[PDB]
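Novice: This structure is in structure tokens; I'll ask about it shortly.
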Ligand SMILES: Nc1ncnc2c1ncn2[C@@H]1O[C@H](COP(=O)(O)OP(=O)(O)O)[C@@H](O)[C@H]1O
Ligand SMILES: Nc1ncnc2c1ncn2[C@@H]1O[C@H](COP(=O)(O)OP(=O)(O)O)[C@@H](O)[C@H]1O
Ligand SMILES: [Mg+2]
């Protein structure tokens, strides 16, 4: 080789050699990740070097937390990273298309043909697959019963179907009360808190917010009803000047006068708070809660506790965005224009301690537009199962609201798309006739893996499914309980349109680029 | 078969049973398996091809 | 009050940070699984400064360990007393930095630093009065320059008024690890003179000749390297962790170390330096340890204090001694060697002492102070930065992650302005 | 000559291992959790044995409670950590029954290997266990025979707390039941939230367990620095600031410009501190407790006006003292205290076991806080009784949340083994085999009680089903002597933690299901 002459410590791979490196590594990631596609998949226990258990079967967490050092596996992991970043689900099915787009193409390239001829057939097959996907999508005007079946499909494939009935009520009802009137739903308004209280099948949907820090004073009230939220960003603790100044005093009687005077600017901020409580008709209970993102010294905590004001400290950055919408106040950065217009309202503000760790709850709001899924998993690894499934389910219902159409389920899309490429296979009129055949057989791995994980036959299932599609017009699919071809649009199994659109685009470009690689080498030392 | 007869023997060792009791039950079961095969047997004509 | 949260970010920060808590847990007598083994208020009063007391008597160190590597921080997981921290103070990173400054900011830093700021928020809940933060990192490391520069900028959005005491491991002028070390050293310091106030300079490869000549070590390693660095780290945080007559916390150290806020590069060090066999055959007096820190044999960086001039001198002693002999001994050097000191400062050498002895040594002093010794080291970094950027060598490793050619131009103009900033009073 | 087998399809690990299949992953997770079930089987029950466990810090832990054993054993198997963390959740929820999780889930996975190797796979064992687990939570309200409702006093809760004590302290079951009765009932919140943090244990090295007692107050391990150790009025002023004066926070610097400001500065500092100590002597205070340090001038006027000083370096101990005497910790220096004073009955000092202690003893108004002063011959014995005391405090929190009880000692698990077997015989499906194996997992729990008592468990488990003929539902185990002839449990008084039995079945079933879901294991290189 030429690279061995210039650098003697530089490995290389030739034309017929680098193709066998990328294809055999794509089969290595395919044979591992095909055991978790669908509800009948198996759980994978992932142990790191420390010893912690990461029990999950999502395709993005499997590829990142896997001890593999391969250049081909690093290319598929980057495409799988963007699939779980912008649209959630569609990561396990992403790798299985690339694992079949390189295996079905190896049957032609090794039999005399050139790899560029196969890539010309992939673009002509992608044009028909994109037009066929727009004909099978179903617009259902974003009904709240439709979004249940969309969230149920994404949640079953990550849990054992006892928590899928609980998490669907916590995902669909959370995504509806955020934004209205054709507004893009921000996913930062949903807080995900990890608790340990009861059990995994006890995750509820808090209509307000759940803060992970409690009151930092023992004399404060633990349960406050009909409260006023005062969201602050000022620093109530003692701060000095920016210029280094210090103090200078002569006698000991002037020493105590400087300690009283150095807290005057601090107590002026506290006197603006306790006078706001007297201007909101404080002849009742009239609870007051200050979340107060910046820290508070215990001198001001003792002053606010005597008036009956609960004061938290050290809040998050987005806690001044979620609580501002939930309480309806104004997140102030100063106390120069304090007014009752910037105050919030909550019917119940209470705390609870779980092993010397308080959790502040804010509930009973009118129109919060900001909720919190309270995950109460028993173990530490069970919290990672629900959190990775909630964000897989929240991004599934967010795409079904933004896009106006719903795409059908398991085999109602991939089988019908492969049959459309057979009748349009002589439409290319050239050497790329076998490229459309390699793309149509690669899309059939989704009914093949789902029939394999459920325990049924692989080839006997695909004959009966393609027979019911060719002898009818209904988009029939795979049933993971009986094996008979069942329609996915009637049983309540749906999918996202942007997932299937990017599965035809991200997997096709990354397959046409890998097949055109013939000089895998390592230089730079 | 020896791996399975020891598989069921491990269950009784957890039940605070002495190994001489299980072996004395194995020898009584061994003498009855030989007598059962001789009752279900069939004579063969060795001259038949 | 005056709580300080410690942030050990980087590969070299966790190796120093592993032995940083070994000195504090031994001097204070804090049991890792019990409650305490102190004797009086010299050790039991300042527990709440660096530790948060849990319910039952167990003490937890206010420490955050950040690393973009699972295998590096696993030694601090279940190794030399690493099971004492919080479980959420072990933020791992599955994507390595690769000794690249642009990769740790735009690729790794865009997804991790929102979670690292959550650990500082949970540590600040148990702080009734947050004094500041410390940051131990390195310039020649990927995580030390990636998760050390981006972490120090996002912490000012939440803490704009609090002081900062950064610890920076400078690269060595003797040996080199990779050719992107002038790139990582120029970019990390260029955002460090912007809005910080304290930064030390420790050279690890320069200490291999100190252990070979003075500490009598034939084959040194990383374990013998960080032992005397931890003695220098404990010398600065001595009056912060032990009460005494010369009360000077980090707030009093931020003012009386720098007359100007930009020229905040110091030269740490300590004294004496004894081996494992020749330690008991040596007496330690007050003018013996006070006159050893000014020479070149007690420097933590590869610099020469015999051709420079100091600005502010602070020294912390260990042991009950007469501190009036320290000021009278150092005032006689300021009259005969006035070209090395300041001409208008009547008391250049400050005094600090405690009543807690160190580990191993009987008496010990530390040297904290800035001079023009960082000026000659900043010229060699900009000299290597000039020859590499003029050929534009390995710029696609940086510009492919989100950098540009104008990014290195502004990083070269202000770093050469810092050379002229130290060139005025030299 | 000799060839070898290389990698085949996906061997890309740099020193890591990979497990897949029923034999390499599922059956090896069963055999690893089977060894933890046989480990704590000896320490289960009133006749259980202790275990001297040495952790990485070379210190001794001797106990018979399975919760603190797993915290010191450095287990590295991943599926074995799932049964350790499930037993840790039993300690955080109810505080008792952590050994029940290791026996029940250890028998669930052991009988799961007898089902995967005989027939159906994990798709029906998991669905077969969850059917019998939901039916197991329906028999538990039907097995409640007594309730901890009538006469909530120190006489009735002494017998209700004997079961949690005798399982770890068999010989000291009577004296520890009286010490846990005079402490838990005295801190009652008058039908409110019961706090387990308001009971502290002061380990005093000395004589045996017969000298242990419960004092209404708090007992510390510090000194006075004064001569006012005899206080009978006990008006306590609590401060969190250091009792040494008032210094500023920014820099602090005295500036002298003339000779009148230098000479009068020393006398002006003494008159400033004298007016602050005498300000609390005019209010009637006797005990001044601070959190920080105390200067020499503060000790000069504390002994002059005859007020006692208490140094509390811990800040969590300072908050417990405010709930003891009913005071408020003042962050500022000494004010004229209006109404935030403390009020105790007797504050004194005494050297007990060569340890000078400070006792805030409440004579008449006894119920604000309780402290159990334990006396032991060794420091390791006082840790084992403190584990037995804290299990008695957590049992009192269970009876506050749910007053129902079930007959323990083996009487509950046999009735659970009989009703689940009735559901298994009436199940017209292939999942009935896992339901009958779920009832046999309850059979091994009184089997561990008979093996620790030196009795043959085959004759013990045969008499339990013979006396459970559809109407008794109460006969457990009589482990006081050999040749059992087992009797009733309501007559002997062995019944405890129905809510403890409710969470222990739910957590151990979810622990065994989580192991069976693991079909493929990918571990990393350990460091
Ligand atoms: N209830 C169901 N019935 C049939 N097929 C399903 C069902 N739920 C999910 N699937 C199929 O499983 C496939 C993978 O789902 P999922 O694992 O959530 O996404 P990914 O595999 O991309 O991570 C989908 O293509 C879908 O068709
Ligand atoms: N007096 C008694 N007679 C018979 N059995 C008893 C007696 N006291 C306790 N036991 C048994 O000892 C067992 C102790 O269980 P234990 O280890 O305390 O469970 P956990 O670890 O969940 O607290 C109980 O299951 C109970 O049946
Ligand atoms: Mg017990």
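Novice: Considering every pair of different Cα atoms, what Kirkwood radius, in Å, is found for segment C:175-294?
Specialist: Details: mean 1/r = 0.0580 Å⁻¹.
Evaluated on segment C:175-294, it is 17.2 Å.
Novice: Dividing the Cα radius of gyration by the Kirkwood radius, what Rg/Rh value follows for segment A:1-78? Write down the numbers at each step before the final one.
Specialist: Details: Rg = 16.7 Å, Rh = 14.9 Å.
The Rg/Rh ratio comes out at 1.12.
Novice: May I ask for the percentage of alpha-carbon pairs in chain A that lie more than 39 Å from each other?
Specialist: Tail fraction, whole percent: 43.
Novice: From Cα coordinates alone, what are the radius of gyration and Dmax values for segment D:254-388 in angstrom?
Specialist: 19.7, 69
Novice: Using the alpha-carbon atoms, what tilt in degrees (0 to 90, nearest 10) does helix D:27-39 show relative to the longest principal axis of chain D?
Specialist: That helix lies at roughly 60 degrees to the long axis.
Novice: Averaged across C:118-129, how many Cβ atoms of other chains sit within 10 Å of each residue's Cβ atom? Mind dumping the intermediate values first?
Specialist: Details: counts 3, 0, 1, 10, 4, 1, 5, 11, 2, 4, 12, 9.
Rounded to a whole number, the mean comes out at 5.
Novice: Same structure again: If you wrap a convex hull around the Cα atoms of segment A:208-368, how much volume per residue is inside, in Å³?
Specialist: On the way: hull volume 21.9 nm³, N = 161.
Hull volume normalised by residue count: 136 Å³.
Novice: Which value in Å does the Kirkwood hydrodynamic radius of segment C:40-87 take, with 1/r averaged over all unlike C-alpha pairs and then inverted? Let's see the in-between values first.
Specialist: Values: mean 1/r = 0.0802 Å⁻¹.
Radius from the Kirkwood sum: 12.5 Å.
Novice: Whole number please: convex hull volume per residue of the Cα set in segment A:105-257, in Å³? Before the final figure, lay out each step's value.
Specialist: Working: hull volume 59.2 nm³, N = 153.
Taking only Cα atoms, segment A:105-257 has a hull volume of 387 Å³ per residue.
Novice: Hey, can you rank A:477-489, D:249-261, A:374-386 by average C-beta count inside 10 Å, highest first? Walk me through the numbers before you get to the answer.
Specialist: Values: A:477-489: 19.5, D:249-261: 12.5, A:374-386: 21.9.
Per-residue Cβ counts within 10 Å, averaged per peptide and sorted highest first, yield A:374-386, A:477-489, D:249-261.
Novice: I've got another one for you. Let's test this: bin the Cα-Cα distances of segment C:375-423 at 5 Å from zero up to the farthest pair and state each bin's percent.
Specialist: Taking all Cα pairs of segment C:375-423, the binned fractions are 5, 19, 28, 23, 15, 8, 3, 0 percent.
Novice: Using the Kirkwood radius over C-alpha pairs as Rh, can you work out the diffusion coefficient of segment C:266-374 via Stokes-Einstein at 10 °C, viscosity 1.306 mPa s, in µm² per second? List each step's numbers first, then the result.
Specialist: On the way: Rh = 14.5 Å.
In µm²/s, the coefficient rounds to 109.
Novice: Would you kindly work out the equivalent ellipsoid of segment D:45-180 from its C-alpha gyration tensor and give its semi-axes, the square roots of five times the eigenvalues, largest first in whole Å? All intermediate terms of the calculation are to be shown ahead of the outcome.
Specialist: Details: eigenvalues 202, 126, 27 Å².
Taking √(5λ) for each eigenvalue gives 32, 25, 12 Å, largest first.
Novice: Can you run the Rg to Rh ratio on chain B? Use alpha carbon positions and the Kirkwood inverse-distance Rh. All intermediate terms of the calculation are to be shown ahead of the outcome.
Specialist: Working: Rg = 16.9 Å, Rh = 13.4 Å.
On the Cα set of chain B, Rg over Rh gives 1.26.
Novice: Compute the distance from the alpha-carbon center of segment A:4-40 to that of segment C:210-252, in whole Å.
Specialist: Computed from Cα coordinates, the inter-centre distance equals 50 Å.
Novice: What ranking do A:334-341, C:417-424 get when scored by the average of other Cβ atoms within 10 Å per residue, highest first? Intermediate values should be presented prior to the final figure.
Specialist: Details: A:334-341: 11.5, C:417-424: 13.5.
Highest mean packing first, the order is C:417-424, A:334-341.
Novice: From zero up to wherever the largest Cα-Cα distance of chain C sits, split into 10 Å bins and tell me the percent of pairs in each.
Specialist: Cα pair-distance distribution for chain C, in percent: 4, 22, 33, 27, 12, 2, 0.
Novice: Same structure again: In cubic angstrom, how much convex hull volume per residue do the alpha carbon atoms of segment C:34-169 span? If you can, show how the numbers build up before the last one.
Specialist: On the way: hull volume 17.8 nm³, N = 136.
Measuring per residue, one finds 131 Å³ for the Cα hull of segment C:34-169.
Novice: Could you tell me whether the protein assembly as shown comes out rounded, prolate or oblate from its Cα gyration tensor? Rule is a ≥ b ≥ c as square roots of the eigenvalues, rounded for a/c under 1.5, then prolate if a/b exceeds b/c, otherwise oblate. Mind showing how you got there, number by number?
Specialist: Details: a/c = 1.74, a/b = 1.20, b/c = 1.45.
Note, shape of the protein assembly as shown comes out oblate.
Novice: Taking each pair of distinct Cα atoms in chain D once, what is the resulting Kirkwood hydrodynamic radius in Å?
Specialist: Details: mean 1/r = 0.0368 Å⁻¹.
After inverting the mean inverse Cα-Cα distance, the result is 27.2 Å.
Novice: So if I take the centroid of the Cα atoms in segment D:278-335 and the same for segment C:1-68, what is the distance between those two points in Å?
Specialist: What the calculation gives is 28 Å, centre to centre.
Novice: Let me ask something else about it. Return one quarter of the surface area of the convex hull spanned by the alpha-carbon atoms of segment A:235-305, equal to its mean projected area, in nm².
Specialist: Details: hull surface 25.7 nm².
Mean orientational projected area (segment A:235-305, Cα hull): 6.4 nm².
Novice: What's the percent breakdown of Cα-Cα distances in segment C:329-426 across 10 Å bins, shortest bin first?
Specialist: 11, 27, 22, 19, 16, 5
Novice: May I pose another question? Given that compact globular proteins tend to follow 2.2 N^0.38 Å, what is the ratio of the alpha-carbon Rg of segment D:151-299 to that value? Walk me through the numbers on the way to the answer.
Specialist: Details: Rg = 24.5 Å, N = 149, 2.2 N^0.38 = 14.7 Å.
Taking the Cα Rg and dividing by 2.2 N^0.38 Å, one obtains 1.66.
Novice: Also, I was wondering about something else. Pick out which of C:352, C:393, C:97 has the largest mean-square fluctuation in a Gaussian network model of chain C, springs linking Cα atoms closer than 10 Å.
Specialist: Evaluated over chain C, the most mobile residue of the options is C:393.
Novice: If you don't mind, another one. Compute the separation of the alpha-carbon centres of segment C:106-185 and segment D:1-57 and state it in Å as a whole number.
Specialist: 40
Novice: Where does segment C:3-256 land on Rg(C-alpha)/(2.2 N^0.38 Å)? Kindly include the intermediate steps, with their values, before the conclusion.
Specialist: Details: Rg = 17.8 Å, N = 254, 2.2 N^0.38 = 18.0 Å.
Ratio of Rg to 2.2 N^0.38 Å for segment C:3-256: 0.99.
Novice: Please state, to two decimals, what the Cα-based radius of gyration of segment A:379-525 comes to when divided by 2.2 N^0.38 Å (N = residues). Mind showing how you got there, number by number?
Specialist: Values: Rg = 18.8 Å, N = 147, 2.2 N^0.38 = 14.7 Å.
Taking N as the residue count of segment A:379-525, the ratio is 1.28.
Novice: A further question follows. How much mean residue ellipticity at 222 nm does the protein assembly as shown get from its helices, if each DSSP H run of length 4 or more adds -39500 (n - 2.57) and you divide by all residues, to the nearest 500 deg cm²/dmol?
Specialist: Numbers: 56 runs with 640 residues, N = 1527.
It comes out at -13000 deg cm²/dmol, rounded to the nearest 500.
Novice: Enter the mean number of other protein chain beta carbons within 10 Å of the beta carbon of each residue in A:36-48, as an integer.
Specialist: For peptide A:36-48, the averaged partner shielding equals 5.
Here the Cβ is made from the backbone with ideal geometry for all residues, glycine too, and neighbour counts use every protein chain on show. Every number here is computed from the coordinates shown, using simple stated rules; none is lab data.
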